[PDB]
Amino acid sequence: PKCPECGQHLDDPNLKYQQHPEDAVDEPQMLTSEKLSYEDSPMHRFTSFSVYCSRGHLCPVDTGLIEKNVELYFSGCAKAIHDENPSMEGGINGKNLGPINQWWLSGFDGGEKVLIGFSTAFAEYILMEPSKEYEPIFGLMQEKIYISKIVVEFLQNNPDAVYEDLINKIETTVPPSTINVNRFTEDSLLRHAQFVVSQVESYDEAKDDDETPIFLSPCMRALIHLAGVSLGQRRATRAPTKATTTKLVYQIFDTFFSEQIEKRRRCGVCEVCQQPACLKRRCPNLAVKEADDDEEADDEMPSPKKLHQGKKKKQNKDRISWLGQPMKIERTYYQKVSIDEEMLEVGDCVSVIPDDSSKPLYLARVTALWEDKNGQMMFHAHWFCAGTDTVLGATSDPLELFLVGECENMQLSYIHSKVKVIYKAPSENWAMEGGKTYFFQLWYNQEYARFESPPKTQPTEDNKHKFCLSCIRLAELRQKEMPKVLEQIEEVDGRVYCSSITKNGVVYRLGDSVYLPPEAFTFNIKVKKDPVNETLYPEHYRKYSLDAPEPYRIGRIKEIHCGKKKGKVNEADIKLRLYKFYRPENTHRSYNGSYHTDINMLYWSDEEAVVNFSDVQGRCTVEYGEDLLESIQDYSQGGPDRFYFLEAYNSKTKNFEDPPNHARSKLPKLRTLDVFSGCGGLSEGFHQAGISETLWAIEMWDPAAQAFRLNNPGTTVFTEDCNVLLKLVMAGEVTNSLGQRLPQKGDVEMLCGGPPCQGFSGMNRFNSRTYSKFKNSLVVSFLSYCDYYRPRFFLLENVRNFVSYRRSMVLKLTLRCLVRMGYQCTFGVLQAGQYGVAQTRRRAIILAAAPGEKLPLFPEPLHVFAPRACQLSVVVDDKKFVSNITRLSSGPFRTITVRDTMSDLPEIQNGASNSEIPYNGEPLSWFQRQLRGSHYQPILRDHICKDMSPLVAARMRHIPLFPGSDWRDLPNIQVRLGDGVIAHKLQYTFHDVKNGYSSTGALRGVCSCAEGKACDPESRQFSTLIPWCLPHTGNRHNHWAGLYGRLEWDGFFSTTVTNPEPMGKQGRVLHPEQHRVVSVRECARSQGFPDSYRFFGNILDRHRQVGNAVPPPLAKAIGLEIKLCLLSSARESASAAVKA
Ligand SMILES: [Zn+2]
Ligand SMILES: [Zn+2]
Ligand SMILES: [Zn+2]
Ligand SMILES: [Zn+2]
């Protein structure tokens, strides 16, 4: 019993038949009425409507029957186009009104004007209210339509919105009384995914701009993949931001566009492709792939080859003759001047023509001039680097050269011409200056991509002739790397026993402690599943289609025994006898040691080991706790590489005895402005490192600016657009609107900030479209703040991919900009997890130091972390750039786990709303002890989590506790959803040709596409415990591994969480044990925020605050590198005040 025209089942109890009114005259006759008074189709209103098949069954319109060619007829009261009355008053009745040509919509912009309309070969109709009988059908259609309105209006306002932003928008929208639904959930969006998506695509075709289609925003692409959407199904129709630049900054971006600015695998299958300068044949399937592809980068390639090592051509010899008297005599005889038709003097610059493999004319500075024992007239060439050959490439000034550590001896014959090379030195008031020939400003380090201030070491009279800065640089480096013996005692055999040695500029005496790889030495050693019920766990079959290393070994120096090279000591074969230290985990305690133990603590062991000095990783202080003048806490925080012991451990007895007797015995706070401050995470870390004071912050979002105020009372927190506050200082205004005191030149010592990269964040080459955005971006505004203020220190923090955006053009242009201003600058990727947080998050960091200060290094990882997460290198124009970081893999401390992070917090349930609750317990882990304080605090603030819908909540309760459990572990069971609502079972009705049958011979398919056919809609199940969408799109998305996943106690957070959603893109977000999502505080702990840190606004505002922040431990680490630059520069002036 099915309809041969509309398909509807006759046994369906919701089926209804059409009932005509009397008047009911057919379409043509109805249309010739005087009740009626810009298109060749009469437009009229239409109330009390009903849609039906030739057989008379009331029909939906949204179901695609019209498209499947099925003739649909209608009836009701036709009224006048201006008549707003939804009653059958001023109107004629019509019946079986001509087969519906197509249906349409309008009002996707202005007011709540969403009008539904029908089109017939006779006329156009603007549907008013439906008939009694047809009302429920038009009712479901009304829902579908409202959701589509919310989505479209939200996307016009908020493009760039992420999946979690949409879910919140939908969940939060209060539908009018007229809609039969109380509120829309994620379950609704998934149910009407095909409708919504096809409507969002329709809006794009309809109103036309040069702007990005709305179906391509992140939330929309996330929906398309998660739900099983078929793109391309067509339907219905109906001044730019200016950056406050400085002259300098403007010209860089201006003089880049005005140069570099130049100018397809379509699916075929879709309805868009299957249609014919008219063009709107833009394949949605290709568009999605392209947009998804543009979001991915390339993370290994060899060390870049050193320049100037190619062949050179010789110039013809006319007259080459020395002028003046020899400067010195060494087998070699130096001279101040030489003749080569014209005059060349020690210190001039020359051009050397190479074997033109690209034709780039080589440039050098004439270091020395001499005549070798064979009468060959030589010169030493200290090579220059063309800007187009530094990281900068094409963006650089073509007249700009750079100093390098590249120099070689050559015959005077290679010289083609003497070249004028000017040093563009900084002014006396370079700091107050904010707004032809070859020149150079900086010294470039190819490997690490550091532009720094020229050495400024002047020639001694002993080497006034031979003076090469590259030779001096190489010298220092070779002698620092060198393993040399400082003081030697007495030899036994052919091995000399010493009291002190050195390497990497670190001095190692006897009794000092050392770091070593875990493979250096050893300690004293130690010594199958059953079938699943597949009817109950039908998705578990999907469960099957390198971890963190060990921290350093530690030992105290007993002997420095050595070897002998014929005459003296064999500097290479320095050996070390050491006393082994155990970490509580190394001990029989193992994993049970590592919990409550101070990350700092060790145990003494009379055990001995011999290793090479070449394996020593560094020095560290291991002291006895009872022979300490301060408390362990005071000691441990006092400085880096500080470890302690209070007991000793006998491996044989497995006992802890007291240790033996032989085991015993101002900083300038830079005045900071933090643009795009947030709640102050970066300001916090920098405050902890002691290097700063944040007196000014700029944050446009009220809840964040409020939260920054709470935590920094001394700060002037501006909430105006930074572009306005800049135009205001560049006008002499001393105060803003509220009368807040504007910072001026000299006030700001350090400038930091995280500029958003809104409309250009993508990997492909620039366009007219993408450049436009970047040209006036906050990156441009931020660089301008740097140019006007001329701060001593600068930091631009961002997502790691900032380094790869637009073929690295965002990075290259940022560096070029810093260079034109005259700054020492560099870049690097850092992994948050390596500095003490239970989270994998990389960040691009752009450091800059003013001429006069020194350019800081990137900090050495303090924590051992998984290698997969620590991919720190950057490819720029197919050359591999690396930072000064040496600790590739290892480090002094064990990883910080989710357990360390939150194992102390008291239980909370889903929807937990009390912001101020007792702790109900003491801290457990070392980490917890740190963020809580070494005292008593009563209140636990922000241990608050989202009230998830009864459906989500029920799923969370059914996720098991075993580490690694996600949605694949859910049971296929009916659950009473708190209210009247009942979460039903997922029906397996299709074959999965690729996945086979279950162990019970059951089907695994959930949609017709599992069999290779097209999707059959309304095979689409909703309000199921196992979400229908997941088996639907599983095979193409790695079985959505992690979705509804609980964090592992031993694990970490996947990324910075800003809004936890179980089917989102922010990773495993459920609590390891409790039937809820991670709390605001749990996230704050993942970010290494002290427990006393304050947040502001509603729950979501507090989640976004926490998640948007730079983790304070990463900022402390960076801050401490600034510490060394300050200390080092403060003592350099002091050891020069004496010489003056
Ligand atoms: Zn029918
Ligand atoms: Zn297509
Ligand atoms: Zn040299
Ligand atoms: Zn399907």
# chains A, B, ... in the order shown; residues from 1 in each chain; ligands from 1

call {"tool": "residues_around", "arguments": {"residues": "residue 937 (chain A)", "least_positions_apart": "5", "cutoff": "12 Å", "atoms": "only C-alpha atoms", "output": "MDAnalysis selection string"}}
result
chainID A and resid 917:923 929 931:932 1091:1092

call {"tool": "residues_near_ligand", "arguments": {"ligand": "ligand 2", "cutoff": "8 Å", "atoms": "only C-alpha atoms and all ligand atoms", "output": "ChimeraX atom specification"}}
result
/A:231-232,266-274,282-286

call {"tool": "residues_near_ligand", "arguments": {"ligand": "ligand 4", "cutoff": "6 Å", "atoms": "only C-alpha atoms and all ligand atoms", "output": "MDAnalysis selection string"}}
result
chainID A and resid 228 1007:1009 1015

call {"tool": "closest_atom_pairs", "arguments": {"of": "chain A", "to": "ligand 1", "cutoff": "8 Å", "atoms": "only C-alpha atoms and all ligand atoms", "output": "tab-separated table"}}
result
residue	atom	partner	partner_atom_place_in_ligand_line	distance
A:2	CA	ligand 1	1 (Zn)	7.9
A:3	CA	ligand 1	1 (Zn)	4.5
A:4	CA	ligand 1	1 (Zn)	6.6
A:5	CA	ligand 1	1 (Zn)	5.0
A:6	CA	ligand 1	1 (Zn)	4.0
A:7	CA	ligand 1	1 (Zn)	5.9
A:8	CA	ligand 1	1 (Zn)	5.9
A:52	CA	ligand 1	1 (Zn)	7.3
A:53	CA	ligand 1	1 (Zn)	4.9
A:54	CA	ligand 1	1 (Zn)	6.8
A:55	CA	ligand 1	1 (Zn)	5.1
A:56	CA	ligand 1	1 (Zn)	6.2
A:57	CA	ligand 1	1 (Zn)	4.7
A:58	CA	ligand 1	1 (Zn)	7.6
A:59	CA	ligand 1	1 (Zn)	7.7

call {"tool": "closest_residue", "arguments": {"among": "A:683, A:230, A:804, A:241", "to": "residue 781 (chain A)", "atoms": "only C-alpha atoms"}}
result
A:241

call {"tool": "residues_around", "arguments": {"residues": "residue 362 (chain A)", "least_positions_apart": "3", "cutoff": "9 Å", "atoms": "only C-alpha atoms", "output": "number ranges by chain"}}
result
A: 308, 350-354, 383-386

call {"tool": "closest_residue", "arguments": {"among": "A:367, A:767, A:446, A:1074", "to": "ligand 3", "atoms": "only C-alpha atoms and all ligand atoms"}}
result
A:367

call {"tool": "closest_atom_pairs", "arguments": {"of": "chain A", "to": "ligand 3", "cutoff": "8 Å", "atoms": "only C-alpha atoms and all ligand atoms", "output": "CSV"}}
result
residue,atom,partner,partner_atom_place_in_ligand_line,distance
A:367,CA,ligand 3,1 (Zn),7.2
A:380,CA,ligand 3,1 (Zn),6.6
A:381,CA,ligand 3,1 (Zn),7.0
A:382,CA,ligand 3,1 (Zn),5.7
A:405,CA,ligand 3,1 (Zn),8.0
A:406,CA,ligand 3,1 (Zn),7.2
A:407,CA,ligand 3,1 (Zn),4.6
A:408,CA,ligand 3,1 (Zn),6.2
A:467,CA,ligand 3,1 (Zn),7.6
A:468,CA,ligand 3,1 (Zn),4.3
A:469,CA,ligand 3,1 (Zn),6.4
A:470,CA,ligand 3,1 (Zn),4.8
A:471,CA,ligand 3,1 (Zn),3.8
A:472,CA,ligand 3,1 (Zn),7.3

call {"tool": "residues_around", "arguments": {"residues": "residue 1028 (chain A)", "least_positions_apart": "2", "cutoff": "12 Å", "atoms": "only C-alpha atoms", "output": "VMD selection string"}}
result
chain A and resid 187 190 to 191 226 to 228 539 967 to 968 972 983 to 988 1004 to 1007 1018 to 1026 1030 to 1034

call {"tool": "write_last_selection", "arguments": {"atoms": "N, CA, C and O atoms", "output": "compact mmCIF listing (two decimals), in the first residue's frame"}}
result
# COMPACT_ATOMS: atom_id res chain seq x y z
N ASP A 187 21.24 18.54 17.48
CA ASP A 187 20.52 17.39 16.92
C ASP A 187 19.60 17.81 15.76
O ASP A 187 19.41 17.04 14.82
N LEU A 190 21.79 18.80 12.63
CA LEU A 190 22.23 17.58 11.97
C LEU A 190 21.09 16.97 11.14
O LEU A 190 21.32 16.58 10.02
N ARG A 191 19.84 16.99 11.67
CA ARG A 191 18.63 16.47 11.03
C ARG A 191 18.27 17.20 9.72
O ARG A 191 17.89 16.57 8.72
N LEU A 226 30.70 16.34 8.65
CA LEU A 226 30.09 15.59 9.75
C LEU A 226 28.75 14.92 9.34
O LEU A 226 28.62 13.70 9.40
N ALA A 227 27.81 15.70 8.85
CA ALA A 227 26.55 15.20 8.35
C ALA A 227 26.79 14.67 6.93
O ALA A 227 27.78 15.03 6.31
N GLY A 228 25.94 13.85 6.38
CA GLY A 228 26.26 13.40 5.03
C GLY A 228 25.69 14.25 3.91
O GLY A 228 24.81 13.78 3.17
N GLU A 539 29.28 -0.42 16.87
CA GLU A 539 30.29 0.46 16.32
C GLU A 539 31.74 0.21 16.81
O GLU A 539 32.70 0.79 16.29
N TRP A 967 33.00 7.62 20.98
CA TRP A 967 31.70 7.22 20.46
C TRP A 967 31.61 5.78 19.98
O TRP A 967 30.55 5.17 20.08
N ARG A 968 32.71 5.24 19.47
CA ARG A 968 32.76 3.85 18.99
C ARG A 968 32.42 2.87 20.11
O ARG A 968 31.96 1.79 19.82
N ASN A 972 24.07 0.40 21.71
CA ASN A 972 22.91 0.74 20.87
C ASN A 972 21.67 0.42 21.67
O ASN A 972 21.14 -0.70 21.59
N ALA A 983 15.66 8.55 23.68
CA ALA A 983 16.74 8.36 22.70
C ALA A 983 16.63 6.96 22.14
O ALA A 983 16.76 6.00 22.90
N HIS A 984 16.31 6.83 20.86
CA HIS A 984 16.14 5.49 20.33
C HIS A 984 17.42 4.78 19.81
O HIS A 984 18.54 5.32 19.87
N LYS A 985 17.24 3.52 19.41
CA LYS A 985 18.26 2.69 18.81
C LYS A 985 18.47 3.17 17.37
O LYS A 985 17.56 3.73 16.74
N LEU A 986 19.70 2.95 16.88
CA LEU A 986 20.13 3.20 15.52
C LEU A 986 19.77 1.91 14.78
O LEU A 986 20.08 0.81 15.23
N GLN A 987 19.09 2.07 13.67
CA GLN A 987 18.62 1.01 12.79
C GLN A 987 19.66 0.77 11.73
O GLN A 987 20.01 1.71 11.00
N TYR A 988 20.15 -0.48 11.62
CA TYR A 988 21.12 -0.84 10.58
C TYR A 988 20.39 -1.52 9.45
O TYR A 988 20.02 -2.68 9.58
N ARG A 1004 25.83 -3.21 8.64
CA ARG A 1004 26.56 -2.12 9.29
C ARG A 1004 26.28 -0.75 8.67
O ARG A 1004 26.78 0.24 9.17
N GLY A 1005 25.49 -0.73 7.59
CA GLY A 1005 25.13 0.47 6.84
C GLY A 1005 23.98 1.18 7.49
O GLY A 1005 23.09 0.55 8.07
N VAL A 1006 23.99 2.50 7.39
CA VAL A 1006 23.03 3.38 8.04
C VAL A 1006 22.28 4.28 7.03
O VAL A 1006 21.27 4.89 7.38
N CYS A 1007 22.77 4.33 5.77
CA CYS A 1007 22.29 5.12 4.64
C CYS A 1007 22.59 4.30 3.40
O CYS A 1007 23.43 3.40 3.43
N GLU A 1018 15.57 10.69 4.96
CA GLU A 1018 14.56 9.98 5.77
C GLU A 1018 14.76 8.43 5.76
O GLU A 1018 13.91 7.62 5.38
N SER A 1019 16.01 8.10 6.04
CA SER A 1019 16.73 6.88 6.35
C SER A 1019 17.72 7.44 7.35
O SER A 1019 18.41 6.72 8.08
N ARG A 1020 17.71 8.79 7.40
CA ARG A 1020 18.43 9.70 8.25
C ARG A 1020 17.69 9.73 9.59
O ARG A 1020 16.55 10.20 9.67
N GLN A 1021 18.31 9.15 10.61
CA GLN A 1021 17.75 9.03 11.94
C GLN A 1021 18.27 10.12 12.82
O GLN A 1021 19.39 10.58 12.64
N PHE A 1022 17.45 10.57 13.76
CA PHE A 1022 17.83 11.63 14.67
C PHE A 1022 17.44 11.24 16.08
O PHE A 1022 16.67 10.28 16.24
N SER A 1023 18.01 11.92 17.11
CA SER A 1023 17.79 11.59 18.54
C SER A 1023 18.13 10.14 18.90
O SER A 1023 17.44 9.50 19.69
N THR A 1024 19.20 9.63 18.32
CA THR A 1024 19.73 8.29 18.60
C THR A 1024 20.93 8.53 19.54
O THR A 1024 21.61 9.57 19.43
N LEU A 1025 21.20 7.57 20.46
CA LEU A 1025 22.35 7.63 21.36
C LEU A 1025 23.63 7.58 20.53
O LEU A 1025 24.40 8.52 20.59
N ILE A 1026 23.84 6.56 19.68
CA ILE A 1026 24.99 6.57 18.77
C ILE A 1026 24.57 7.61 17.70
O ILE A 1026 23.55 7.35 17.06
N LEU A 1030 27.79 9.85 12.49
CA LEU A 1030 29.10 9.22 12.67
C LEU A 1030 29.29 7.92 11.85
O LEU A 1030 30.19 7.93 11.02
N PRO A 1031 28.48 6.85 11.94
CA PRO A 1031 28.66 5.74 10.99
C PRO A 1031 28.42 6.20 9.53
O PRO A 1031 28.96 5.59 8.61
N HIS A 1032 27.64 7.28 9.32
CA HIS A 1032 27.32 7.73 7.98
C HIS A 1032 28.55 8.21 7.22
O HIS A 1032 28.77 7.80 6.07
N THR A 1033 29.39 9.04 7.89
CA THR A 1033 30.60 9.67 7.35
C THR A 1033 31.94 9.09 7.93
O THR A 1033 33.02 9.55 7.56
N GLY A 1034 31.84 8.05 8.75
CA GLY A 1034 32.95 7.37 9.39
C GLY A 1034 34.08 6.93 8.48
O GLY A 1034 35.23 7.28 8.73

call {"tool": "closest_residue", "arguments": {"among": "A:218, A:13, A:107, A:531", "to": "residue 292 (chain A)", "atoms": "only C-alpha atoms"}}
result
A:218
